[PDB]
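Just one chain follows, in the form deposited in one PDB entry, and it is written as C-alpha cells.
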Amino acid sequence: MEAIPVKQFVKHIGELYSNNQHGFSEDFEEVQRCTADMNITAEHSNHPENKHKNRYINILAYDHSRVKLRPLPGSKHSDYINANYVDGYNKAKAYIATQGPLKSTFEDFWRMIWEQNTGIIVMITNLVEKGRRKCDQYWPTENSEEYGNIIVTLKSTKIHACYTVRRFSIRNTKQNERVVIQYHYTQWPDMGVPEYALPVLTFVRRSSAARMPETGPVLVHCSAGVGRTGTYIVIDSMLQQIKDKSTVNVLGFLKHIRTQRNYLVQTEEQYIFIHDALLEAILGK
C-alpha cells in the first residue's frame, strides 16, 4: 500500500466504484479498523473539568496531538481545547483540526488562534443545518466583538455561490494586530448530502493557496471537527502530493492522520467524495 501514479489513480477509482462501491467499502472499513490494535489516550478530553468544552461527548482530542493553550492563573485545565495538530503532505502539524466552537469556548478558540499564529480559518459547516445546531457564531456579524483579550474586527466579506470569504483583523489587548481570513463553505443540501465535487475542489485550492509563509497551522473545523474536516485535509494534502510527485496515497495518508485525531473522514460517502475531488483535479488536466 503506497503511492499510486496519478495516471493509474483515475482507473483505480473506476475499480473502487464498481459492483456498488465494493472497493470503496473495503478501503474505508480498513480505515475504520486501522486503529483496532491501538489504545490512544485522551485523558484531558475526559477530565470532568473539560466535559463542558466538548461539543460531542464521544468526539475527543487525542493527548499526544492535542493543541495546548498557555495556562491561566493562578485553572489547571485552562490549557484544554478540543483540537489536534494534524499532518499535511508538506509539513508536520500543517493543520489544527478542531470542533465548531461553543459559546463557552469562544475565548479559548481565539486565544488558540493567537498563540498558534494561525492566519487562515476553514469552516466547513453552516451554523444550522436541517434545523439542527452545528456551530455557534464565533465571529462578529459586523464591526468588532471581544473574546477575552482578543478583539475581532470584520473588515470585508465576499459571498460566492458556494462559499464565503471573511477578512478579519484581530487584536490582542494583552496592541499587536494580525489578519485572519476565514473560508466558509456555505452550500449544504436540505436533503441528503453533497454530491458534486468541483465547487469543493475550487474552495480547497483557493483556501489552501491563501496560506502564508511562514505562519501557524491552518485551522479547519466543521461541527465535530472530524468528518468534513478530515475530508478537507486529505483532499488538500493529496493535491500537494500530486503537484509535487504526481502520485496519490489516499488510503495510506488517511490511516496515518487517523492516529492524530479520531474519526477524521467519518463516512464512506466522504471517503468517496475525496476521490471525486481528486479525479476532478486530474481530469481538469
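Residues that one form lacks are left out of the comparison. For clarity, a rigid core is taken as the largest C-alpha set superposing within 1.5 Å between two forms. Note that residue numbering begins at 1 and tracks the sequence as displayed.
What follows is about the form deposited in another entry, which we do not show.
Superposed on the core, the two forms barely differ at residue 159: its CA moves less than 2 Å between this form and the one not shown. Once both forms are fitted on their core, a CA shift of 2 Å or more is seen for residue 35 between this form and the one not shown. With the core superposed, residue 188 shows a C-alpha displacement of at least 2 Å between this form and the one not shown.
After superposing on the rigid core, the stretches of 3 or more consecutive residues whose C-alphas move by 2 Å or more between this form and the one not shown are 35-37, 188-193.
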